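Beneath this line is the structure, given in C-alpha cells, with notes to follow.
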Amino acid sequence: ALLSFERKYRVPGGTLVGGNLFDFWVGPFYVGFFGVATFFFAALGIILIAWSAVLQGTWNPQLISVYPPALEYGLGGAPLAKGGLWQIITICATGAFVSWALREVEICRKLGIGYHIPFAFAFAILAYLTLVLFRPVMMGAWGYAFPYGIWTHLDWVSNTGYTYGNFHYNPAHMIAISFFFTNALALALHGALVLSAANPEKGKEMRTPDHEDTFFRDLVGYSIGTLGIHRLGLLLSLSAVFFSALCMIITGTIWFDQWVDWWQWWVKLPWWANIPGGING
Amino acid sequence: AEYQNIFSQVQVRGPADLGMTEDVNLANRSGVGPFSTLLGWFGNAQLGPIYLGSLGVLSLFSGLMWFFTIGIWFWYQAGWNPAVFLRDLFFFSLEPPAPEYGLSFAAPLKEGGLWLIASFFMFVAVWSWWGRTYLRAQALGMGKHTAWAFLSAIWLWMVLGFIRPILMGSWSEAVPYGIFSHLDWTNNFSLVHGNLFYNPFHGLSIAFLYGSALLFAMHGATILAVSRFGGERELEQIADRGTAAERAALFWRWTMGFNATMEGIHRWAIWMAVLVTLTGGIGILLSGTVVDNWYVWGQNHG
Amino acid sequence: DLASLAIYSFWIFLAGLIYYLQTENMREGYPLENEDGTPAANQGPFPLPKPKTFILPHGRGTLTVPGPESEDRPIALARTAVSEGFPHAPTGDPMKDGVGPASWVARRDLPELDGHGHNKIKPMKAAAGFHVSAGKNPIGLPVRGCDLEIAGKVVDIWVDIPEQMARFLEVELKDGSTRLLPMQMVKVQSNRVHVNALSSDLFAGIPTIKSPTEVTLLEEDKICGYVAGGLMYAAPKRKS
Ligand code: BCL
Ligand code: BCL
Ligand code: BCL
Ligand code: BCL
Ligand SMILES: CC[C@H]1c2cc3[nH]c4c(c3C)C(=O)[C@H](C(=O)OC)c4c3nc(cc4[nH]c(cc(n2)[C@@H]1C)c(C(C)=O)c4C)[C@@H](C)[C@@H]3CCC(=O)OC/C=C(\C)CCC[C@H](C)CCC[C@H](C)CCCC(C)C
Ligand SMILES: CC[C@H]1c2cc3[nH]c4c(c3C)C(=O)[C@H](C(=O)OC)c4c3nc(cc4[nH]c(cc(n2)[C@@H]1C)c(C(C)=O)c4C)[C@@H](C)[C@@H]3CCC(=O)OC/C=C(\C)CCC[C@H](C)CCC[C@H](C)CCCC(C)C
Ligand SMILES: COC(C)(C)C/C=C/C(C)=C/C=C/C(C)=C/C=C/C(C)=C/C=C\C=C(C)\C=C\C=C(/C)CC/C=C(\C)CCC=C(C)C
Ligand SMILES: CCCCCCCCCCCC[N+](C)(C)[O-]
Ligand SMILES: CCCCCCCCCCCC[N+](C)(C)[O-]
Ligand SMILES: CCCCCCCCCCCC[N+](C)(C)[O-]
Ligand SMILES: CCCCCCCCCCCC[N+](C)(C)[O-]
Ligand SMILES: [Fe+3]
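Protein chains in written order, with the entry's author numbering: chain L, 1 to 281; chain M, 1 to 302; chain H, 11 to 250.
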C-alpha cells in the first residue's frame with residue numbers, strides 16, 4: 001500500500017478541521033475531513049443522478065441527462081422532476097469540488113509543500129461556477145446553465161454558441177483559445193525537451209539543463225529555462241481558463257447580440273469609418 | 001506573505017552563456033543579444049545566441065516570402081490606402097483557387113494563384129523548420145523527441161492544406177489566409193459536415209486539448225510547490241531522486257491513488273499534447289472523404 | 011467502413027499507450043511495500059517495466075531503474091495503531107530526525123555538476139563576474155524568524171551558474187558559522203529578509219555543509235527538508 005519511500009512522510013498533522021479524527025489513509029488515498037466531505041457530496045450527487053435517470057427511463061450513461069429548471073422558474077427552486085435534482089446536484093457538485101481542493105490543501109500541509117495545486121484547481125472550479133452559478137444568476141435563470149449529460153452538454157454548447165452567430169467572434173473567446181493552443185505547444189515542447197535530454201542518442205550520456213537552453217537558443221534565439229517553463233505552463237493554462245470564464249460571464253449579460261457585430265466599433269471609428277474601398281467601404 | 005515563486009525576487013547575471021558545443025558548428029551561432037530585466041522576473045533574461053545556418057536562412061526567407069505574399073494581397077485589397085488597411089486588417093483574405101480549377105495551377109494570380117504561391121512558400125518554411133528541429137538535436141547528441149512531436153502538429157497542418165484538398169480533387173477545400181476568413185472556414189467546415197461535435201476524433205482532440213491544460217496546470221503547480229527542494233531541476237531528480245520528487249509523487253497518490261516519476265510525467269506530457277493534433281488530423285482527413293455527415297455516420301457508424 | 015475502423019483502432023492504441031505510460035511511471039517507488047518494509051501482496055494489475063540505464067555524465071556512473079529500492083537511512087517513526095493506514099508518530103525531534111515535512115533523501119553526497127563538469131552552484135564571491143542585476147540585493151540584510159527575532163545576517167547569494175539564478179541565501183549566525191536557506195523560503199524586503207518556516211532559535215539546527223564553497227545533493231536535501239518542516243514543527247513559536 002506504500003511506495004518504497006512513503007512511510008517517512010505519513011506522519012500526523014496538517015489537518016485544518018477535526019485535528020486527529022480523520023487523519024489517516026485508505027489504501028493510497030489520504031482521507032481527512034474533506035475526504036469525508038467530498039465522499040458525502042459525491043455519493044449524494046451520484047444517487048440524485050441515479051434517481052434522475054430512473055425518472056427519465058434510461059440507465060445508459062450516453063443518454064442520461066439532468067436539465068436545469070426551465071427559464072420561467074427564474075432563480076427560484078423547481079420541482080425535483082423538472083430542475084430540482086439539478087439544483088441539488090449542482091450544490092453537491094460544488095460541495096465535492098471545493099472539499100477536494102481543501103483536501104489537497106491538507107495534503108500540502110502534511111507534506112510541507114506550496115499550495116499551488118489547489119490554487120490552480122480553484123480556477124477550474126471557478127469556470128464551472130461561472131457556467132452554472134454566476135452567469136445564470138446574472139441572467140435571472142438556472143435554465144441558462146448547461147445540463148449534465150455527455151452529449152446534451154455539447155448540445156448546450158452548440159446552441160448557446162449559435163445564439164450569438166459564430167462564437168468565434170467573441171474576443172475574449174479568441175484570447176482563451178490562443179492560450180489553450182499555446183499551452184499545448186508548450187506542453188509538447190517541454191515534455192520533448194526534458195525527454196530528449198534524459199534520453200539522448202544511443203550510447204551517449206544524459207545531457208544537462210545547459211543542453212536544454214543551448215538547444216532552444218540555437219533553435220529560436222531564446223530559452224526561458226526550467227523554472228520559467230513551469231511558471232509558463234501554469235500561466236498559459238490558468239489564463240486559458242481565466243479567459244474562458246471571462247468570455248462567458250459577459251455573454252448573455254453585457255453582450256447578447258451577434259458577436260461578429262461587436263467588431264463594428266473598430267471599423268466605424270470616425271477617422272477611417274467612411275473612407276471608400278477595402279472590405280467595409 | 002509566503003513567497004510563491006511565480007516571480008523571482010532577486011536577479012543575478014553572469015557572463016553571457018554562449019552554451020554547449022558538442023557537434024555544433026560554432027561558425028553559425030550568432031552572438032548573444034541583449035539581456036532583458038523584464039523577462040528575468042519570469043524566466044531567463046538572456047537572448048541569444050541563435051544558430052542561423054542554411055535551413056535557418058532557408059525557412060526564414062520563405063516564412064517572410066509567405067507573409068509578404070499575403071500582405072501585398074491585403075494592401076492591394078485596401079486599394080493601397082493605409083487607413084483602410086489598418087481598418088479592414090481582419091476582413092481581408094487571400095483565398096485559394098475556385099473549385100473549377102481542381103488541383104491544377106491553371107488559375108490567375110488573383111483568384112487563386114497568389115494563394116498557391118504563398119502556400120508553396122509556407123510548405124518549404126515549415127518542412128525546413130522541421131529539419132532544423134532534428135539537426136539541432138543531433139548536433140548536441142540529444143533525442144529527436146522535439147522533432148517527433150513537432151511532426152504531430154505538422155500532420156494536422158498538412159492534412160488541412162495539402163493532403164485533404166488532394167484527396168477531394170480541389171485546392172478550394174484548403175484554408176484561406178485571413179484572420180476572420182479562416183474562422184469562417186472553420187465554422188463552415190463543421191456545418192457542411194454534419195457538425196463536428198459528432199466526429200469521435202474531434203471530441204478526442206478536445207479531451208487532449210482540455211487535458212493538456214489540466215496537465216500542465218497540474219505539473220507546473222506541482223513543480224512550483226516542490227521548488228523549495230530543487231524540483232525544477234528535473235534532470236538531476238531523474239538521475240538521483242530527492243525529496244522534491246517524492247513529495248510530488250505522494251501529493252498525487254494521496255490525492256488520486258496513483259502518481260508519476262520525474263521522468264515519466266514528461267512522457268504523459270508529451271503524449272497528451274501530441275494527441276491533440278494527431279487524433280485531430282484524422283478527424284479532418286476522414287471528413288468529406290469517407291464521411292460526409294458526422295451526425296449521419298454517428299447514427300449507424302457506417 | 012474506414013472511419014469506424016479508425017476509431018476502433020484508436021481506442022486499442024490508447025489502451026496500450028496508457029499501459030506503457032503507467033509502467034514507465036513505475037521505475038521509482040515499486041514494488042509497493044507494507045508499513046514494515048516488506049513487499050506488499052496486491053501490486054496492481056501493472057507489472058514492472060524492463061530496466062533502463064541512464065549514463066550519467068562526469069564519470070559519475072550509471073542509473074538502472076527499476077532496481078534495489080532502499081532508503082539507505084534510519085527512519086525514526088512509530089506506528090500509532092494496530093492496523094494499516096494510520097499516521098506514524100515521530101520518535102524524537104522530527105526536525106532533527108528528518109521525518110515528515112522535515113524529510114530528506116539520501117542523495118549523492120556530491121554537488122550537482124554543470125555541462126562542463128564544474129559545480130553548478132556556488133557562492134557569488136567564487137562565481138566569476140556574477141552580480142545582482144535586478145531586485146533588492148539581500149546581502150547585508152538581517153534575517154528574521156517567525157518569532158520576529160533576528161537570527162543572523164545575509165552574507166552571500168549562492169547562485170546557479172548555468173541557469174543564472176539565486177538558489178540559496180548564506181546566513182551568518184550569532185557565533186560566526188553559516189547556513190544556507192533556500193531562496194524559495196524567504197521574503198526579501200526593503201530592510202530585512204523574513205523567514206516564516208523557522209524561528210530564530212531553530213536556525214542553528216539547520217544542517218551544515220562540509221565545505222564552504224560547494225553544496226552536495228545530500229546536504230541540499232537535508233537543508234531544504236529541515237527549513238520546510240518548520241512550517242509544521244515550529245508552529246507554537248510563530249506569532250501574528
Ligand atoms: C484548428 C482549426 C482552424 C483554426 C481555428 C482557430 C480558432 C477558432 C482561433 C484561431 C486563432 C488563431 N489562429 Mg487559426 N486555426 C487553424 C490553423 C491555423 C494556422 C495554420 C498555419 O495552420 C495558423 C498560423 C493559425 C493562426 C491563428 C492565430 C491568428 C490565432 C492564435 C493562434 C495561436 O494561439 O497560435 C499559437 C501561439 C503561437 C505563439 C504561434 C504563433 C502565433 C501567431 C499569432 C501566428 C499567426 C500570425 C499570422 C502569421 C499573422 C497575423 C497577421 C498580423 C497580426 C497582421 N491558425 C485551423 C484552420 N484559430 C484564434 C484567434 O484569435 O483568431 C483570431 C482563434 O480564436
Ligand atoms: C458551436 C460552438 C461554438 C463555441 C461555443 C462555446 C461556448 C458556448 C463555450 C465555449 C467555451 C470554450 N470554447 Mg468555444 N465554441 C466554438 C469553437 C471553439 C473552438 C474551435 C476550434 O472552433 C475552440 C478551440 C474553442 C475553445 C473553447 C474553450 C476556450 C472554452 C472551453 C474550455 C473551458 O471553459 O474550460 C473550463 C473548464 C471547465 C468548466 C471544467 C470543470 C472541471 C470541474 C471543476 C471538475 C469536474 C470533476 C468531474 C465531476 C469529473 C470527475 C472525475 C472522476 C474521477 C470521475 N471553441 C464554436 C464556434 N465555446 C466555453 C467556456 O469558455 O466556458 C467557460 C463555453 O461555455
Ligand atoms: C468546457 C466547455 C463546456 C464543455 C465542452 C465540451 C466539448 C466541446 C467536449 C467536451 C467533452 C467532454 N466533456 Mg465537457 N464541457 C463542459 C463541462 C464539462 C464538465 C464540468 C463539470 O464542468 C465535465 C465533467 C465535462 C466532461 C467532458 C467529458 C465527458 C468529455 C471529454 C472531456 C475531457 O477529457 O476533459 C478533460 C479532462 C480529462 C482528460 C480528465 C478526465 C475527465 C473525465 C473524463 C471527466 C468524465 C466525467 C463523467 C463522464 C461524468 C461525471 C461523472 C460523475 C461521477 C457522475 N465537461 C463545458 C460546459 N466538453 C468532449 C467529448 O468528446 O464528448 C462529450 C467534447 O468534444
Ligand atoms: C463552429 C466550429 C466547429 C469546430 C470546427 C473545427 C475544425 C474545422 C477543426 C477543429 C479543430 C479543433 N477544434 Mg473544433 N470546432 C468546434 C468546437 C470546438 C470546441 C468547443 C468548446 O465547442 C473546442 C474546444 C474545439 C477544439 C478543437 C481542437 C481540439 C482542434 C484543434 C487542435 C489544435 O491545436 O489546432 C491547432 C493546431 C494547428 C493548426 C497546427 C499548426 C502547426 C503549424 C505547422 C504551425 C504554423 C506556423 C506558421 C508558419 C506561422 C508561423 C508563425 C510565427 C513563427 C509566429 N472545437 C465547432 C463545433 N474544429 C481542428 C481539428 O483537428 O478538428 C478535428 C480542425 O481542423
Ligand atoms: C485550471 C486549468 C485546468 C484544470 C486544473 C486542475 N484540475 C484539477 C486540478 C487542477 C489543478 C486538481 O488538482 C484536480 C485533480 O485531482 O486532478 C487530477 C482537478 C480535477 N480536474 C478534473 C476534471 C476536469 N478538469 C478540467 C479542466 C481543467 N482543470 C482546466 C483545463 C475538465 C474540463 C476541461 O472539462 C475536467 C473534466 C478532475 C479529474 C479532478 C477533480 C476531481 C474532483 O473534483 O473530485 C471530487 C468530485 C468527484 C470525485 C465526483 C462527484 C461529481 C458530482 C458530485 C456529480 C457529477 C456532476 C458533474 C457536473 C457532471 C458532469 C457531466 C458532464 C458530462 C458535463
Ligand atoms: C501537438 C500540437 C501542438 C504543437 C506542437 C509543436 N509546435 C511546434 C513544435 C511542436 C512540438 C516545434 O518544435 C516548433 C517550434 O519551433 O516550437 C518553438 C513548433 C512550432 N509551432 C508553431 C506555431 C503554431 N503551433 C500551433 C499549434 C501546435 N503546435 C499544437 C497545439 C499553432 C496554432 C494553434 O495555430 C501555431 C500557429 C511555430 C512557432 C513553430 C514552427 C515554426 C515554423 O515552422 O516556422 C516557419 C518559419 C517562418 C514562417 C519564419 C517566420 C514567419 C513570420 C510570419 C514572420 C514574423 C512576423 C512578424 C510579426 C513581422 C516581422 C517583420 C520583419 C521586417 C522583421
Ligand atoms: C506588406 O505589408 C506589411 C509590411 C504591413 C506586412 C503585413 C502582412 C500581413 C497583413 C500579413 C497577414 C497574414 C495573415 C493574416 C496570415 C494568416 C494565415 C492563417 C490564419 C493561416 C491558417 C492556416 C493555414 C493552413 C492550414 C495552410 C496549410 C498549407 C499547407 C499544408 C501547404 C499547402 C501547399 C500548397 C497547396 C502548395 C503545393 C504546390 C506545389 C507546387 C508544391
Ligand atoms: C450524467 C452523465 C452520466 C455518467 C455515467 C457514468 C458512466 C460512464 C461510462 C462511459 C462508457 C460508455 N459506454 C456505455 C459506451 O461504455
Ligand atoms: C494520455 C492521456 C489519456 C486521457 C484520455 C481521456 C479519455 C476521454 C474520452 C473522450 C470521449 C471521446 N468520444 C467523444 C469519442 O467518445
Ligand atoms: C480517463 C477516463 C477515466 C476516469 C478516471 C477514473 C479512475 C481513475 C482513478 C484510478 C485510481 C485507483 N487507484 C486504486 C489505483 O488508486
Ligand atoms: C487517463 C487517466 C489515468 C488513468 C490510468 C491509471 C489507472 C490507475 C493506475 C493504477 C496504479 C496505481 N497503483 C496503486 C496500483 O500502484
Ligand atoms: Fe517538468
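Yeah, the Cβ is synthetic: ideal placement off N, Cα and C, and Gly gets one too.
Put simply, the backbone Cα of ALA221/M is about 10 Å away from that of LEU215/M.
When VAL296/M, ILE50/M and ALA245/M are compared, the shortest CA-CA separation from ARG136/M is found for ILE50/M. Of all C-beta pairs linking the region 173 to 186 of chain L to the region 108 to 128 of chain M, fewer than three are shorter than 8 Å, placing the two stretches out of contact.
Residues of the same chain with a CB within less than 7 Å of the CB of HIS182/M, apart from the 5 flanking positions on each side, are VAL175 and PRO176 in chain order.
Contact of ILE125/L with chain M is not assigned, every C-beta pair being separated by 7 Å or more. Collapsing the DSSP output to three states places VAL75/H in a strand.
Considered as a whole, the region 16 to 95 of chain M harbours 37 to 40, 54 to 77 and 82 to 87 as its complete alpha helix (DSSP H) runs of no fewer than 4 residues, in chain order. Look at the region 62 to 127 of chain H and you find these whole runs of beta strand (DSSP E), each 3 residues long or longer: 62 to 65, 72 to 75, 87 to 89 and 98 to 100. With respect to the C-alpha of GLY40/M, the residue from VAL12/M, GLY71/M, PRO99/M and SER152/M having the closest C-alpha is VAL12/M. Contact annotation: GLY33/M and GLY48/M have beta-carbon atoms nearer than 7 Å. Contact between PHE85/M and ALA78/M holds, with the beta-carbon distance rounding to 4 Å and staying under 8 Å.
Per DSSP, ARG233/M lies in no beta strand (DSSP E) and is assigned neither H nor E.
Contact between the region 77 to 90 of chain H and the region 170 to 178 of chain L is absent: fewer than three C-beta pairs spanning the two stretches fall below 8 Å.
Excluding five sequence positions before and after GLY231/M, the CB atoms of its chain that fall closer than 6 Å to its own CB belong to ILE223 and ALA244, given in chain order. At a cut-off of 3 residues, not a single continuous stretch assigned as beta strand (DSSP E) sits fully inside the region 52 to 78 of chain L.
Judged by DSSP secondary structure, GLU230/H falls outside any beta strand (DSSP E) and instead within the alpha helix (DSSP H) spanning 227 to 243. With respect to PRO96/M, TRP115/M sits close: the two C-beta atoms are nearer than 7 Å. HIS301/M has a beta carbon lying within less than 7 Å of a beta carbon in chain H. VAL142/H has its alpha-carbon roughly 14 Å from the corresponding atom of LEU151/H.
For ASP261/L, the enclosing alpha helix (DSSP H) begins and ends at 259 to 262. Just so you know, the alpha carbons of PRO68/L and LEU129/L end up roughly 14 Å apart. Legend: CB atoms of the region 113 to 126 of chain H lying less than 7 Å from CB atoms of chain M belong to residues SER113, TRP114, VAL115, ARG117, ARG118, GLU122 and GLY125.
By the neighbour-count criterion, in which 16 or more other beta carbons inside 10 Å mark a residue as buried, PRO270/L falls on the exposed side.
Between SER196/L and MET262/M, the beta carbon gap of about 15 Å keeps them out of contact (Cβ cut-off 8 Å). Scanning the region 182 to 238 of chain L from its first residue to its last, the whole alpha helix (DSSP H) runs of 4-plus residues come out as 209 to 220. Spatial neighbours of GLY27/L in its own chain (CB-CB distance under 6 Å, excluding positions within 5 residues in sequence) are listed in chain order as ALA1. Residue nearest to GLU45/H within the set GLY32/L, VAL31/L, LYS8/L and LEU131/L is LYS8/L (criterion: CA-CA distance).
Shown here for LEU111/L: same chain residues with a beta carbon closer than 8 Å to its own, the five before and five after excluded, namely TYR9 and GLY14 in chain order. The region 281 to 291 of chain M makes no contact with the region 241 to 259 of chain M, as fewer than three CB pairs between them are under 8 Å.
Residue burial annotation: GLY102/H is exposed, with fewer than 16 other C-beta atoms found within 10 angstroms of its C-beta. Non-local beta-carbon contacts of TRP155/M in its own chain, meaning distances under 7 Å to residues more than five positions away in sequence, involve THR277, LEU278 and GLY281 in chain order. Secondary structure note for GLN9/M: it is in no alpha helix (DSSP H), with a DSSP letter that is neither H nor E. Bounds of any beta strand (DSSP E) do not take in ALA98/M, whose DSSP letter is neither H nor E.
Non-local beta-carbon contacts of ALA107/M in its own chain, meaning distances under 6 Å to residues more than five positions away in sequence, involve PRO97, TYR101 and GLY113 in chain order. For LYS247/H, there is no enclosing alpha helix (DSSP H), as DSSP marks it with neither H nor E.
If you check the CB distance, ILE216/H and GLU229/H do not come in under 7 Å.
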